[PDB]
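Just below is one structure, and these are the notes that go with it.
Throughout, a chain's letter reflects where its sequence line sits, starting with A, and its residues are numbered from 1. We use all heavy atoms of the structure for the numbers below, so side chains are in, but hydrogens, waters and symmetry mates are not.
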Amino acid sequence: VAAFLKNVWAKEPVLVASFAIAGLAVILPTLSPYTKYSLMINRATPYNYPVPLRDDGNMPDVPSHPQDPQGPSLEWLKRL
Amino acid sequence: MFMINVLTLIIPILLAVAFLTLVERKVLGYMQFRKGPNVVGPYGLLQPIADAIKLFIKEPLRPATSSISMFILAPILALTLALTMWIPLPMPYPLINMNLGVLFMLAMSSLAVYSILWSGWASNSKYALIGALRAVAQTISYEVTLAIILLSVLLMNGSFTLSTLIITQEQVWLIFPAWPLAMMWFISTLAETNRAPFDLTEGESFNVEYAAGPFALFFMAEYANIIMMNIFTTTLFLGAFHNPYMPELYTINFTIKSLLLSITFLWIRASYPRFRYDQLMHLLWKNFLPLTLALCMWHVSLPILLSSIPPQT
Amino acid sequence: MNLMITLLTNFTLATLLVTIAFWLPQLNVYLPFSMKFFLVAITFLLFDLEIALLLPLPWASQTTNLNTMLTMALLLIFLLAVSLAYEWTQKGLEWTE
Amino acid sequence: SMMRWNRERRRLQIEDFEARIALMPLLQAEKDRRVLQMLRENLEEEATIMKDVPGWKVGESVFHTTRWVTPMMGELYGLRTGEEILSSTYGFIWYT
Amino acid sequence: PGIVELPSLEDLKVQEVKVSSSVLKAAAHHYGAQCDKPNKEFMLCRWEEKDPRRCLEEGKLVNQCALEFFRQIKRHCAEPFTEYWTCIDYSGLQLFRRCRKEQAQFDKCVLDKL
Amino acid sequence: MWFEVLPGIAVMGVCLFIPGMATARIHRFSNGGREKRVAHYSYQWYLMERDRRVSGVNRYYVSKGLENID
Amino acid sequence: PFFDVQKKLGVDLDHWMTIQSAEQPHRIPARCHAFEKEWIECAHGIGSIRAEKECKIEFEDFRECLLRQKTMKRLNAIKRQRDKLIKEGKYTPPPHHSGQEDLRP
Amino acid sequence: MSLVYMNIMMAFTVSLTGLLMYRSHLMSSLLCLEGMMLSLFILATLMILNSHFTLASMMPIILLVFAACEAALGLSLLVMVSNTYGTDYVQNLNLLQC
Amino acid sequence: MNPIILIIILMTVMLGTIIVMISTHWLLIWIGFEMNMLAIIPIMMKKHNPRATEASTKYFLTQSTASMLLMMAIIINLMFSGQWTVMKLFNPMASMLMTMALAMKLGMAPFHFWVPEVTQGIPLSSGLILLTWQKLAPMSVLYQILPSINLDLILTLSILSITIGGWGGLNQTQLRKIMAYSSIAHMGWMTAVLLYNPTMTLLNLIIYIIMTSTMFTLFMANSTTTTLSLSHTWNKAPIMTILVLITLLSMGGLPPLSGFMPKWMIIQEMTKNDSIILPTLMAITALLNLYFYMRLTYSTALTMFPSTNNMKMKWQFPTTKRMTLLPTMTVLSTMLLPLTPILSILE
Amino acid sequence: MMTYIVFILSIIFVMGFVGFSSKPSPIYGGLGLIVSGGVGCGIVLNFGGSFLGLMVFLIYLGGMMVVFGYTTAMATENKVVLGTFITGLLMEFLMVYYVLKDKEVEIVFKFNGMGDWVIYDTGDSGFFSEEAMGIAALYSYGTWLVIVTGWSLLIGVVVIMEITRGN
Ligand SMILES: CCCCCCCCCCCCCCCCCC(=O)OC[C@H](COP(=O)([O-])OCC[N+](C)(C)C)OC(=O)CCCCCCCCCCCCCCCCC
Ligand SMILES: CCCCCCCCCCCCCCCCCC(=O)OC[C@H](COP(=O)(O)OCCN)OC(=O)CCCCCCCCCCCCCCCCC
Ligand SMILES: CCCCCCCCCCCCCCCCCC(=O)OC[C@H](COP(=O)(O)OCCN)OC(=O)CCCCCCCCCCCCCCCCC
Ligand SMILES: CCCCCCCCCCCCCCCCCC(=O)OC[C@H](COP(=O)(O)OCCN)OC(=O)CCCCCCCCCCCCCCCCC
Ligand SMILES: CCCCCCCCCCC1=C(C)C(=O)C(OC)=C(OC)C1=O
């Protein structure tokens, strides 16, 4: 497991680099703390119009204005 | 007014191709401990004009060609595709600002093998057809790593837009996060243009039936392709500073980088022996393609794991 | 429209230069089949189809289904690599390696 | 470096998209009055053309439903000149 | 089938917002802040009715509230806004990031005077 | 010596400098002293055609500011 | 033998691309989204034999959205009568159908 | 229906009658088969772009990829036929009459 | 062929047919057919001789043509319906093109001309796959689109397949062409009952697959591809002559055997729908099939043809061939008629 | 004339198909199918399919027809063709003449004779190409489609290596 790796690194370093880069491509997004922020930035990007809701009378979490406190915020993206 | 812009693209292409031959002969002279052409013009500057006039009045070779039509169409296609590779190039502004300019260039460069194939079949010589089939197999082999390297790089760009690739490289050159892609890209563009050490059309181990005129047309299409792929490599990995109120800063900067990269092609042909044909097939299929697939996986997964996915627009 | 004009101009200039080069010097009086090349062309075609699958990735990274997208992107590049590894080990990449 | 600059470019993209979002109600109101203007002009010219034709109902819907249907390109620009037609149907595709 | 019912040419007359898209993009964030309510009334009506003919009056309120937005810029801060949308208007993609100091002067003058 | 290659390199560099400088000056001449509008997306085209309609001279680049409202 | 493995296992292998009124990327509607939604909600569960006769109105509206044959035939009739009246000289086009009115916004 | 669909269907039927009337070469048959595929690509693409049916935009690519893989298989069969008789003539492929 | 590669390729044949059977989208139907054809081409070129390359080329051309016609039918359905659900088609032109495409994939007459050639060109195991497993995917597509299948077209194809498959097998001495024309006639019987009751279509398909797999397994077990080599079987393995006798009498539909079960039920479903002339003429035309089956039973079991001297060497060696499921298939192809009401499990 | 540009490109498309389907030689047939692929790409580009048209150039013309012309050059090196070509050309221009003089025709389906600009949509898609987003959704929504296509391509590699070996 150690002589084999040195043998293939001496003979075929292109393939050793290929399997190492591919293995780091596979396993490292599951170990990265910033993989969550990729999803958050993609869902925080407003391609569509934010179609407003009819105020039935009881929606305390939905704002009446963009500059109201309630609603989803992007302070994490300005700060990071 | 747009036709003036088309002419100020395509006529300076032909002039820069004409003087690239002088630059090549002079640089290959002074790297071989001698001088290049310095007799015809002042500092040899009239050598391409004299050589063009010599080739235009040289006797036709008179081939008994298998097809007249493809014998005419192969230089027409080669020159047309060589000129259309320049129209989406952002320097800083392109002639045609298209959203998929990278993919346009990849498609129009994939079409250029038909000039090789039609010129090889339109010749009577079976050995000219064998050399054409070898050249086509070489070119379609290195198109694979062209496509995959370019895809891996544009995972940092966000789009296929060539003008966005200037925005992508405002803080750093893209050769810093992607130098292995850059070096396999550069050798693959070297093998695309049938350029040494990949010039097996000049080694004894496809367009010989053309006259001096159409040989000059294939030759100037090839040097247009060389300057173009160096400009595209410059835009792709060595993106310059762009001030929108002074665009000439970008034009001077990318022009200097593209000239140095074309001179690097000239340095490479004056420094190494040729590959044997199986050896550059080995270089593609067994060296560049596994690393290119590994780096394509890495450049897919890396903007997701670093939270560095570029914008779409 | 500007693109059609530009393509017509490049085609017209190329046809004009070819017509000059075939008719300006007229003023003066004066194979066995190789299985190996076919196999490398077919290997190009199959990997080129696999590339055509890989081409929407810069747009596919913009999705909100990133775990699935990353899984399928790595799976397509992996199947291209398995195609290359099968081509390697069954002596398909030989004498033009 | 690409991490910092792509995160900045995503924030800049969100700012561009929210400028678009803040402008969309004005553009939607203008687009609605634009298409209703063009349909009313086509309806009046259909009324002053299709008089000799027997059994012609001017403004007759081809749909059985009375729901609003988004107007087709030939419904809006059918009676107009070829320059306006070519602009409105191939201008974005042919733009550069 | 039935006759389609179109509103008349008099019912579609409104005082237009005859400014360019760079003017609109320069004023866009303060327009989305200040003209929130009739815009969201119109877009709620537009996604619920699914018919532009049922949304005309609300749309006119949009075209009434935008103009009152611009007059209140024209009365107080016409010159920093003009200097800002001209710099927006130079760019081909109309970038916000090329124009941050003119934006800062416009936001300063708007936060002070309005 | 080695600087003998520099005249041909300079001529080739001027020939590569011409197309970008030419298209930049032609865009600023044809687009009112400004950059050519980039419309890669249909919203950008919509805004550009709206500018062409609000200019009153059938040119998208003729910009109308606060002077065009009352 | 339509072995309905997708409903049996609860997996969605291909239902997502099947209709235009399904969930699209970025909520992009098809041009005939309302007509297809009406025809699907009409014909749901009643079987194909009853759906041929009982949902004919929604299906004809949806086919006419998809191919616009009645719309193009009506535009053909209007444009042909207009060309006949121009040739006879009994009609003139207005300035807003010639390009002399400087459009709305 | 719209006027371009007539020509794309007529292109399909022309390449269909080309593929259903062989002359001599198997390669010409494979070219007519891929012309049929090209016309199917164009017709699918024009429908899907006209309808704004977003998810079916990936359909013609799939239609391209599979069929080009099919074409690859066809070329390989042709080559094995051409490795038997020297040509790709369809009249050499008649051993299975008895 | 590498055995691992053989397993992966056979699983891919199975996967293509299974994708056809489980998918709700027309593109995945078309993909299942493409995957199935691509994977089954090496099974036909398993032995690498010019007859297999000719058979694979003819198979490729017919199945590729049918695949393009299938995709055109799918695309016309998308025009006139805006959707991709595997259900009834929404245009009679698309219905005609898809019925033609599926008839070409089945090799139903007058698109039958590839089936004896391709079956003769390939080994017995791959012709077993071609005549049994490759019918399963197009019959399942015909099953789901039967509200739009034109009656006159499918019945014309059915009677034309039954008559042409009956007359075609009369002239044959090669066993693979006999099984191919027998296949053409049995597929005509399956499509004739399809619009009336597709459960009887499934019954005829299953009984046909059992009997055809039995006959191919007997031919593989005795290494016989001709009538005259099958006539040596009595002097080598006398039980095999009894098995080919009972299986060929069953394929002729003679009661009390199991192959009487489909056609009887098919007539039972065609007379309820007041079609009397058509199952009558179909049953009388199937006597042609029974005639060449009886020819094979005369040459193999009911008489003793002359053998050769070298047969005495083969008396000293037992059959080491894996005759997989051959007693089970022989019992199911002959003794199943007392369990005829089991067909309701196919509903 | 310019409002009929997709129709004119479709006429050139059918003319190219009559060109190669009359089968003069597989090399001229390859050339005719190349010209047809280019003009069909132009049709697709004029309905707004930029990526699909560039796939016709990159994959169909630059990938597959390259391999067709390659195999044809390795394998190869009339009156029926010319009569078939003029037959298909006269059938196509009789179709053109009928659908232009009548603004309606019926070969098998009914076809309008107006310019095919009339059927288009009158809105915008915002900051995306809808066709690009639907192709991008192959990785998010098209998981099973990716699986069956990639498995068929791997099997295609294996199948070509099986049948071309001869052993
Ligand atoms: C774009 C701007 C310019 C870019 C650079 C270009 C300028 C330099 C040009 C030099 C002259 C070249 C002339 C042509 C030469 C052609 C031959 C050639 O180069 O062959 C390539 C050679 C070929 O190898 P070879 O054939 O020489 O060696 C023998 C190979 N075997 C064993 C198979 C027989 O090397 C490569 O293919 C390597 C390509 C680049 C690899 C980059 C790897 C980056 C690091 C990865 C990680 C490594 C660490 C381990 C894992 C760590 C994980 C954290
Ligand atoms: C043997 C024959 C002769 C051979 C020599 C000459 C021909 C070979 C060299 C020329 C090749 C021509 C290629 C034409 C199409 C190229 C693809 C293309 O147009 O891509 C650019 C662009 C896509 O980008 P995008 O930004 O999305 O579009 C604008 C939207 N804002 O799209 C656009 O900008 C769209 C613009 C409108 C549509 C343009 C259509 C052009 C005409 C059709 C092709 C004509 C040539 C056909 C045959 C070529 C050879 C195969
Ligand atoms: C799990 C991650 C994802 C993996 C899949 C994606 C890979 C991306 C790169 C694409 C590679 C595709 C092609 C691979 C072909 C492998 C087979 C091969 O090359 O075998 C032959 C070779 C000996 O070479 P030879 O046949 O002689 O060729 C002439 C040159 N001497 O034999 C060899 O040289 C032996 C090669 C195999 C051993 C290499 C070990 C490298 C280990 C790196 C560190 C660990 C990385 C983590 C992953 C585990 C890898 C085992
Ligand atoms: C609603 C219905 C849904 C679907 C239901 C199920 C349908 C089943 C369809 C059955 C088709 C089976 C085709 C044969 C198996 C596939 C692989 C194959 O052919 O393996 C045979 C194998 C090959 O041996 P090989 O080495 O290639 O021979 C050359 C000489 N040495 O080895 C041999 O040749 C050995 C010889 C004996 C092989 C006999 C195999 C019999 C298999 C079929 C059983 C009967 C059908 C299943 C029951 C009824 C289902 C309808
Ligand atoms: C009319 C515009 C120029 C037309 C092309 C002729 C000039 C460029 C090619 C001539 C040429 C030069 C100068 C040249 O140096 C050279 O040697 C390396 C050639 O042969 C391979 C050439 O063909």
Walk me through it: do B:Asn194 and B:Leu200 pass the test side chain to side chain contact (heavy atoms under 4.5 Å, CB included)?
CA-CA 7 Å; B:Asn194 289 320; B:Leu200 298 181; over 6 Å; no
Salt bridge flag under 4.0 Å for residues [X] and [Y]:
X: B:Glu202; Y: B:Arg274; answer: no
X: A:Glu12; Y: A:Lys6; answer: no
X: B:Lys286; Y: C:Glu94; answer: yes

Without hydrogens or angle criteria, can the side chains of [X] and [Y] be said to hold a donor-acceptor pair below 3.5 Å?
X: B:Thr168; Y: B:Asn157; result: yes
X: B:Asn230; Y: B:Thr233; result: no
X: I:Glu34; Y: J:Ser152; result: no

Examine distances only and state if a side-chain atom of [X] and a backbone atom of [Y] form a donor-acceptor pair shorter than 3.5 Å.
X: B:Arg276; Y: B:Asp278; answer: no
X: B:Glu192; Y: B:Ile187; answer: no
X: C:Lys36; Y: C:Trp95; answer: no
X: J:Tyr70; Y: C:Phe38; answer: no
X: B:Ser271; Y: B:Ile268; answer: no
X: B:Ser115; Y: B:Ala112; answer: yes
X: B:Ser307; Y: B:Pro303; answer: no
X: C:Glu97; Y: B:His282; answer: no
X: B:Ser262; Y: B:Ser258; answer: no
X: A:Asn42; Y: C:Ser61; answer: yes

Sequence neighbours excluded, the answer for side-chain hydrogen bond (donor to acceptor under 3.5 Å, both in side chains) partners of A:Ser32 is none
Would you give the length of the straight line joining atom [atom1] of [X] to atom [atom2] of [Y], rounded to the nearest 0.5 angstrom?
X: B:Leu261; Y: B:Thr189; atom1: CG; atom2: OG1; value: 7.5 Å
X: B:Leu181; Y: B:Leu295; atom1: CG; atom2: CG; value: 5.0 Å
X: A:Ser38; Y: C:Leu66; atom1: OG; atom2: CG; value: 6.0 Å
X: B:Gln169; Y: B:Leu174; atom1: CD; atom2: CG; value: 4.5 Å
X: B:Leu106; Y: C:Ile51; atom1: CG; atom2: CD1; value: 8.0 Å
X: B:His299; Y: B:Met156; atom1: NE2; atom2: CE; value: 4.5 Å

Could you give me the CA-CA distance, side-chain angles and deciding distance for I:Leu6 and I:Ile9, then say whether side chain to side chain contact (heavy atoms under 4.5 Å, CB included) is met?
CA-CA 5 Å; I:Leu6 179 64; I:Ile9 283 174; 5.6 Å; no
So does [X] have more than 12 non-hydrogen atoms from other groups sitting under 6.0 Å from [atom1]?
X: C:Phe78; atom1: CZ; answer: no
X: C:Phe33; atom1: CZ; answer: yes
X: A:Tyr37; atom1: OH; answer: no

Apply the test side chain to side chain contact (heavy atoms under 4.5 Å, CB included) to residues B:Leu100 and B:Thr161: give CA-CA distance (whole Å), side-chain angles for both, the deciding distance (0.1 Å), then the verdict.
CA-CA 5 Å; B:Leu100 301 180; B:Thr161 299; over 6 Å; no
What is the minimum heavy-atom distance between [X] and [Y], and which atoms define it?
X: I:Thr12; Y: I:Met35; value: CG2-CG, 3.7 Å
X: B:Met31; Y: B:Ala270; value: SD-CB, 4.2 Å
X: J:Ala75; Y: H:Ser82; value: CB-OG, 4.4 Å
X: J:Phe68; Y: H:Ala71; value: CE1-CB, 3.7 Å
X: I:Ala39; Y: J:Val159; value: CA-CG2, 4.4 Å
X: B:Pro273; Y: B:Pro197; value: O-CB, 3.3 Å

Show me the side-chain donor-acceptor pairs of residues 135-154 of chain B shorter than 3.5 Å, one per line, residues at least two apart or across chains.
from: B:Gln138; atom 1: NE2; to: B:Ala191; atom 2: O; distance (Å): 3.1
from: B:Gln138; atom 1: NE2; to: B:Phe198; atom 2: O; distance (Å): 3.1
from: B:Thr139; atom 1: OG1; to: B:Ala135; atom 2: O; distance (Å): 2.7
from: B:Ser141; atom 1: OG; to: B:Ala137; atom 2: O; distance (Å): 2.7
from: B:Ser141; atom 1: OG; to: B:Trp285; atom 2: NE1; distance (Å): 3.2
from: B:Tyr142; atom 1: OH; to: B:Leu280; atom 2: O; distance (Å): 3.0
from: B:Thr145; atom 1: OG1; to: B:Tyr142; atom 2: O; distance (Å): 3.1
from: B:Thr145; atom 1: OG1; to: B:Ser188; atom 2: OG; distance (Å): 3.0
from: B:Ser152; atom 1: OG; to: B:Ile148; atom 2: O; distance (Å): 2.8

Using a 4.5 Å cut-off on heavy atoms from C-beta on, say whether the side chain of [Y] contacts that of [X].
X: A:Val26; Y: B:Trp298; value: no
X: A:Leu15; Y: B:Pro290; value: yes
X: J:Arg165; Y: J:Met161; value: no
X: B:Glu24; Y: B:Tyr223; value: yes
X: C:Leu49; Y: C:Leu53; value: no
X: I:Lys46; Y: J:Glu162; value: no
X: C:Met35; Y: H:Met80; value: yes
X: B:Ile231; Y: B:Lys257; value: no

Between [X] and [Y], is the gap from one ring center to the other below 6.0 Å?
X: B:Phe186; Y: B:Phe265; result: yes
X: C:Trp59; Y: J:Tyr139; result: no
X: B:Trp185; Y: B:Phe232; result: yes

Can you check side chain to side chain contact (heavy atoms under 4.5 Å, CB included) on H:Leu75 and J:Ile160, steps first, answer last?
CA-CA 10 Å; H:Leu75 291 171; J:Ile160 298 307; over 6 Å; no
Quick test of your reading: applying side-chain hydrogen bond (donor to acceptor under 3.5 Å, both in side chains), list the pairs with at least one residue in residues 172-183 of chain B, sequence neighbours left out, ordered by first then second residue.
none
